[PDB]
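Engineer: got a sequence here, can you model it:
(4 chains, ligands or ions: 6)
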Amino acid sequence: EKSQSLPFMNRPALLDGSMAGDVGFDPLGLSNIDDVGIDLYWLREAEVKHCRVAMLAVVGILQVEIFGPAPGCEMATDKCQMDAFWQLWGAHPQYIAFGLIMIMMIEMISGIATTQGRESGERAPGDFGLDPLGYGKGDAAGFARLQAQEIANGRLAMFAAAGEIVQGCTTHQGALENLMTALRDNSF
Amino acid sequence: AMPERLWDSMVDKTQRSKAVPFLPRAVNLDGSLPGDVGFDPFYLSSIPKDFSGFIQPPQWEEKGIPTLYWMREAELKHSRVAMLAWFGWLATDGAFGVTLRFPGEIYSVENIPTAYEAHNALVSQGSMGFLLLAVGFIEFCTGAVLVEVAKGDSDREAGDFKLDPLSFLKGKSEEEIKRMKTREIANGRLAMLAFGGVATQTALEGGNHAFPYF
Amino acid sequence: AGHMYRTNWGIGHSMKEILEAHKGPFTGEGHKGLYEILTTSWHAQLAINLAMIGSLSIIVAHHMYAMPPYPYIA
Amino acid sequence: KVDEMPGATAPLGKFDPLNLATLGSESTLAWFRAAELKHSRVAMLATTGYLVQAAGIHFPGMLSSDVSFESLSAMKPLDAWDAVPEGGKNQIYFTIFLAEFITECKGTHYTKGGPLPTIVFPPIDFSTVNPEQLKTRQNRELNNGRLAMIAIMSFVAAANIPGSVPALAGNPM
Ligand code: CLA
Ligand code: CLA
Ligand SMILES: CC(=O)O[C@H]1CC(C)(C)C(=C=C/C(C)=C/C=C/C(C)=C/C=C/C=C(C)/C=C/C=C(\C)C(=O)C[C@@]23O[C@]2(C)C[C@@H](O)CC3(C)C)[C@](C)(O)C1
Ligand code: KC1
Ligand SMILES: CC1=C(C#C/C(C)=C/C=C/C(C)=C/C=C/C=C(C)/C=C/C=C(C)/C=C/[C@@]23O[C@]2(C)C[C@@H](O)CC3(C)C)C(C)(C)C[C@H](O)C1
Ligand SMILES: CCCCCCCCCCCCO[C@@H]1O[C@H](CO)[C@@H](O[C@H]2O[C@H](CO)[C@@H](O)[C@H](O)[C@H]2O)[C@H](O)[C@H]1O
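Structural biologist: Residues are numbered from 1 along each chain as shown, chains lettered A, B, ... in the order given. Ligands and ions are numbered 1, 2, ... in the order given. Here you go, the structure:
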């Protein structure tokens, strides 16, 4: 009857309790929309993709700052987020637009699958069937934990990824550089 | 003038208000709400407009909030902000003995000598702009309820959130809850006028910026 | 200007209640019926549209010789 | 019942003149209970952590790479706070930050009738001891903290306002 996360208000009607991470947090009623080609199925497919991109982006920033670039790249610089990106583009832009076309082929097909996956309810939101390791032929209670840990880490990574981009473009220093700077100023 | 006047559907010509005994009582006032003495000399509770229209427009669907309910919800929020703002304005000025300031040079005495220049100084820096976004998130996550109550789908009291982390009132008699609620209102009312005092004097031609602002 | 009409969400204007509100004591019923006209007949549409587009092309020619917008064209 | 519990000793008994234990619910009193339990343990370590090193106890060697334990030869014990470096002052908080979690993440919280904050790192089992003798110890634990909460406020007021405390102002600190 009442939202677990907003206990002063009613729980939204379509937030059944079945998806991982569902604590009934939707105060504005966005799960209710069924117009302009988007709904709870499209919003969940959006969220899981935002999760995944942001989880990779945090490790990708921390990788080439702690350990530097991959072998075959040079002229390392202050921040690894923007300063290296325009630098590599100017250095050798072939591998970076190789990927942009390869992502483009993957996205056009995953977008067809999302529209085909809602018309016939046999594609789980987020599910591309990628389980080469077999986590999921195991315990259903243990696999339901893996579903919630993907969402919980992915939600936290969205703030961290959007964090490291914006304070990279603001301070023009590295992300671990910004953490040690903030440690110095609020030394307390 | 020959229609039925609007003074009759919102003025109740039988009883009189406790405050101002020469005016009749507004129709939506009762003794029900805490901190009530029937005080409404301008008959604001009686305006038959839906003030939830500001959040969501009236053309979205059939819906109506009581005017009295939206006022109480405002007055509680005006109370809460002013209780903290008056307290936070003096505490950073050193009116309670210790000049309470955040760690770090940017919020120290040398960059900001008193709270009067903290709004313009922090606005340029950005710490002011950050708090605007942080409040924005809360307001949006807490102002959607007004819609629910206006659709008749909720039985929540005005300004009531399940925020009692220390369990002040769990299991208290309605007499005990009402008295406590009156304290939120009476202390809130005094602090709305306290902040209006402090912010006004401190901005005229004279007037210092010490703990006493006269 | 592309938010002045009502589609799927309550907010906005219906073209029908606009026109039907405009009636004076010289005009009688005023604009009643012009919806059925302009949503069930393609000829009535062109009659407005061609008159407008034709007037526009005249308007366009008067503004391009007096305020020449391209470089080296004047 | 406020009189029958750890912290109600002989010379006062139930000490609540302004009736603060009645002010909330039973969950309210359990919060104040383990507040005073925690206020005690911080003040007992700060009162003792003040006496010692005001007398020159002096860890041998280096605290950090260049800011070694010269913080005791001259500066008062209220000082040598900013002399401790930031990375040294950071680990302290984070061991505390971690210790505040197991305190909160027990099977039953304490305001729901659960156990009060237990030792975080070395968890020697403490369940076994005679509960008659246990009640005498929790009176001893709180009363020493009551005395230490006053005493650490004495030590601050002596360091700010000279002559604010008679038989204690003639002390080099
Ligand atoms: C109406 C309340 C209010 C407001 C708007 C401010 C605003 C300000 N204070 Mg201030 N303060 C307040 C109350 C308030 N204070 C109170 C009550 C205290 C004492 C307990 C203080 C103690 C204080 C200190 C010690 C200092 C300031 C400072 C400042 C300035 C910079 C702070 C900043 O950028 O945010 C940074 C802070 C945050 C982002 C904290 C998070 C705030 C959260 C998001 C608010 C939402 C939670 C809120 C409590 C409501 C709960 C939800 C609700 C539904 C119940 C800014 C002018 C600084 C300054 O410049 O001094 C001159 C400074 O050093 N304040
Ligand atoms: C409020 C608590 C508190 C705080 C903030 C500090 C802070 C500080 N102490 Mg200190 N200290 C404390 C309590 C505290 N101490 C206590 C209770 C004792 C033992 C009686 C000491 C003994 C001590 C010595 C001998 C010295 C310091 C020093 C220092 C400074 C350097 C950091 C360091 O090595 O600390 C180390 C802090 C500790 C080892 C104590 C905390 C340990 C935790 C609480 C576990 C408790 C251990 C044990 C079970 C309890 C024994 C207490 C009693 C039975 C003897 C720093 C300012 C040094 C300095 O720079 O001199 C100015 C120095 O020479 N302290
Ligand atoms: C310099 C810098 O960077 O920061 C700047 C930022 C910024 C934003 C520019 C600034 C500002 C603007 C601020 C703070 C403006 C605040 C304005 C504020 C808060 C103004 C309250 C008025 C309250 C009134 C009038 C109450 C009247 C009360 C009246 C009229 C009554 O009749 C009360 C009474 O009848 C009752 C109801 C019944 C009885 O029971 C009692 C009686 C009969 C007496 C500052 C301050 O300059 C600081
Ligand atoms: C000083 C503040 C004051 C305001 C602000 C105000 C405002 C309105 N008065 Mg009012 N008023 C007085 C004071 C005020 N009136 C006084 C001293 C007299 C005696 C001289 C007086 C007399 C009448 C009559 C005879 C009628 C009337 C109405 C409305 C009406 C709604 C209009 C609507 O929305 O249709 C509004 C907004 C009419 C009504 O109820 O029906 C149409 C109606 O007949 N008034
Ligand atoms: C046709 C079709 C479909 C479709 C479709 C459509 C319209 C697909 C289109 C998708 C589209 C248009 C996807 C854009 C992505 C842009 C990105 C990722 C930008 C990243 C940019 C980033 C991460 C940062 C960029 C920077 O600029 C920043 C911020 C700072 C600058 O200094 C420079 C840099 C570069 C650093 C459906 C919908 C599936 C239905 C049907 O089934 C089939
Ligand atoms: C520093 C500024 C100086 C201002 C000092 C002002 C002194 C504060 C007033 C002391 C009153 C607080 O003490 C508290 O009072 C409230 C309400 O009366 C009581 O409230 C509680 O008990 C009373 C019985 O009296 C019940 O009716 C009530 O249901 C219950 O909540 C508490 O039992 C008591 O603990």
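Engineer: which secondary structure element contains residue 46?
Structural biologist: Went with chain A since none was named. Secondary structure assigned from DSSP states H and E places residue A:46 in helix A:40-66.
Engineer: try again with chain D
Structural biologist: For residue D:46, the element it lies in under DSSP H and E is helix D:26-51.
Engineer: just the helices in chain C please.
Structural biologist: C:15-19, C:34-40, C:42-66 (DSSP state H).
Engineer: helices and strands around the first one, which ones?
Structural biologist: When you say that, I think you mean helix C:15-19. Here helix C:15-19 is seen to pack against helix C:34-40 when contacts are counted using 3 or more C-beta pairs under 8 Å, 6 or more residues apart in numbering or on different chains; DSSP states H and E. The way it works is simple: take the backbone N, C-alpha and C, and place the C-beta from them, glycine included.
Engineer: ranges for the helices of the chain?
Structural biologist: Just so you know, I chose chain A. Assignment of helices within chain A using DSSP H yields the ranges A:40-66, A:83-91, A:94-119, A:140-171, A:175-185.
Engineer: was after chain D, sorry
Structural biologist: With DSSP H as the criterion, chain D has helices spanning D:26-51, D:86-104, D:131-160.
Engineer: distance-wise, check the residue in chain C that chain A sits nearest to relative to residue D:5.
Structural biologist: Shortest chain C-to-chain A distance, computed as C-beta to the nearest C-beta: residue-wise this is residue C:8, at 5.6 Å. To residue D:5, residue C:8 is 64 Å away according to C-beta to C-beta, to the nearest Å.
Engineer: how about the helix holding residue A:46: buried residues?
Structural biologist: Of the residues in helix A:40-66, those scored as buried under the neighbour-count criterion (16 or more other C-beta atoms under 10 Å in any protein chain shown) are A:40-42, A:44-45, A:47-51, A:54-55, A:57-58, A:61-62, A:64-65.
Engineer: so which of the helices of chain D is the most packed in?
Structural biologist: The highest mean neighbour count among the helices of chain D belongs to helix D:26-51 (a mean of 16), with neighbours defined as mean count of other C-beta atoms under 10 Å in any protein chain shown.
Engineer: return the residues in contact with residue 22.
Structural biologist: Picking chain A for this. If a contact means C-beta atoms under 8 Å, 6 or more residues apart in numbering or on different chains, then residue A:22 has A:15, A:16 as its contacts.
Engineer: sorry, I should have been clearer: chain C.
Structural biologist: Under the criterion of C-beta under 8 Å, 6+ apart, the contact list for residue C:22 reads C:30, C:31.
Engineer: show me what the longest helix belonging to chain B is packed up against.
Structural biologist: As assigned by DSSP H, the longest helix anywhere in chain B is helix B:174-201. The helices and strands touching helix B:174-201, judged by 3+ C-beta pairs under 8 Å, 6+ apart, are helix B:67-91.
Engineer: and ligand 6, is the helix it packs on touching that?
Structural biologist: No - contact between helix B:67-91 and ligand 6, assessed by C-beta under 6 Å from any ligand atom, is absent, since the two come no nearer than 13.3 Å.
Engineer: that helix - contacts with which helices or strands?
Structural biologist: Secondary structure elements in contact with helix B:67-91, counted by 3+ C-beta pairs under 8 Å, 6+ apart, are helix B:145-150, helix B:174-201.
Engineer: on that earlier part again, distance from the longest helix of chain B to the middle of the chain?
Structural biologist: 9 Å (C-alpha atoms, centre = their mean, to the nearest Å).
Engineer: returning to what we had before: the helix holding residue D:46 vs helix D:131-160, what angle?
Structural biologist: Here helix D:26-51 points in a direction 60 degrees away from that of helix D:131-160 (axes from the mean of the first three to the mean of the last three C-alpha atoms, to 10 degrees).
Engineer: near ligand 2, anything from helix D:26-51?
Structural biologist: Yes - if you take C-beta under 6 Å from any ligand atom as the test, helix D:26-51 does meet ligand 2, through D:45, D:46, D:48, D:49.
Engineer: quick one: the nearest residue to residue A:75 once chain neighbours are set aside from residue A:97, how far?
Structural biologist: By the measure of C-beta to C-beta, 6 or more residues apart in numbering or on different chains, the closest residue to residue A:75 outside its immediate chain neighbours is residue A:87, 6.6 Å from it. If you measure residue A:87 against residue A:97 using C-beta to C-beta, the figure is 15 Å.
Engineer: quickly note the distance from residue A:92 to residue A:73.
Structural biologist: Residue A:92 sits 9 Å away from residue A:73 when distances are taken as C-beta to C-beta.
Engineer: now residue B:55
Structural biologist: 52 Å.
Engineer: ok, residue A:108 next?
Structural biologist: The value you get for residue A:108 to residue A:73, if C-beta to C-beta is used, is 30 Å.
Engineer: residue A:131 too?
Structural biologist: Shown here: residue A:131 relative to residue A:73, a distance of 33 Å by C-beta to C-beta.
Engineer: which one's more surrounded, those two?
Structural biologist: When residue A:131 and residue A:73 are compared on other C-beta atoms under 10 Å in any protein chain shown, the one with more neighbours turns out to be residue A:73, at 15 against 11.
Engineer: for chain B, which residue is closest to the average position?
Structural biologist: When chain B is reduced to its mean C-alpha position, the closest residue under C-alpha atoms, centre = their mean turns out to be residue B:78, at 1.5 Å.
Engineer: one step back: quick check, the longest helix of chain B touching ligand 3?
Structural biologist: Yes - judged by C-beta under 6 Å from any ligand atom, helix B:174-201 comes into contact with ligand 3 at B:193, B:195, B:196, B:199, B:200.
Engineer: in PyMOL, select just the buried ones from these.
Structural biologist: A single PyMOL command selects the buried members of the residues of helix B:174-201 next to ligand 3 (16+ other C-beta under 10 Å):
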select buried, chain B and resi 195
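Engineer: make JSON lines out of the residues of helix B:174-201 next to ligand 3 and add distance to ligand 5.
Structural biologist: Formatted as JSON lines, the entries for the residues of helix B:174-201 next to ligand 3 read as follows, by distance: C-beta to the nearest ligand atom, whole Å:
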{"residue": "B:193", "distance to ligand 5": "48"}
{"residue": "B:195", "distance to ligand 5": "41"}
{"residue": "B:196", "distance to ligand 5": "44"}
{"residue": "B:199", "distance to ligand 5": "41"}
{"residue": "B:200", "distance to ligand 5": "45"}
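Engineer: tell me which of the residues of helix B:174-201 next to ligand 3 is nearest to residue B:22?
Structural biologist: residue B:193 (24.3 Å; C-beta to C-beta).
Engineer: show me the contacts for the closest one.
Structural biologist: Counting by C-beta under 8 Å, 6+ apart, residue B:193 makes contact with nothing.
Engineer: same check on residue A:62?
Structural biologist: When the contact criterion is C-beta under 8 Å, 6+ apart, the partners of residue A:62 are A:175, A:176.
Engineer: how much space separates it from residue A:81?
Structural biologist: Residue A:62 sits 10 Å away from residue A:81, going by C-beta to C-beta.
Engineer: just residue A:63 next, same as before
Structural biologist: Between residue A:63 and residue A:81 the distance, using C-beta to C-beta, works out to 12 Å.
Engineer: and what of residue A:176?
Structural biologist: In this structure, residue A:176 and residue A:81 are separated by 12 Å, where distance is defined by C-beta to C-beta.
Engineer: out of the two, which sits in the busier spot?
Structural biologist: With other C-beta under 10 Å as the criterion, residue A:176 and residue A:81 differ in neighbour count, and residue A:81 comes out ahead with 22 against 14.
Engineer: picking that back up, just put the helices and strands packed on helix B:67-91 in TSV and tack on distance to ligand 1.
Structural biologist: Converted to TSV, those look like this (distance: least, C-beta to the nearest ligand atom, whole Å):
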stretch	distance to ligand 1
helix B:145-150	11
helix B:174-201	9
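Engineer: most tightly packed of those helices?
Structural biologist: For the helices and strands packed on helix B:67-91, where neighbours mean mean count of other C-beta under 10 Å, the stretch averaging the most is helix B:145-150, with a mean of 20.
Engineer: which helices and strands does that helix pack with?
Structural biologist: Secondary-structure packing of helix B:145-150 (3+ C-beta pairs under 8 Å, 6+ apart): helix B:67-91.
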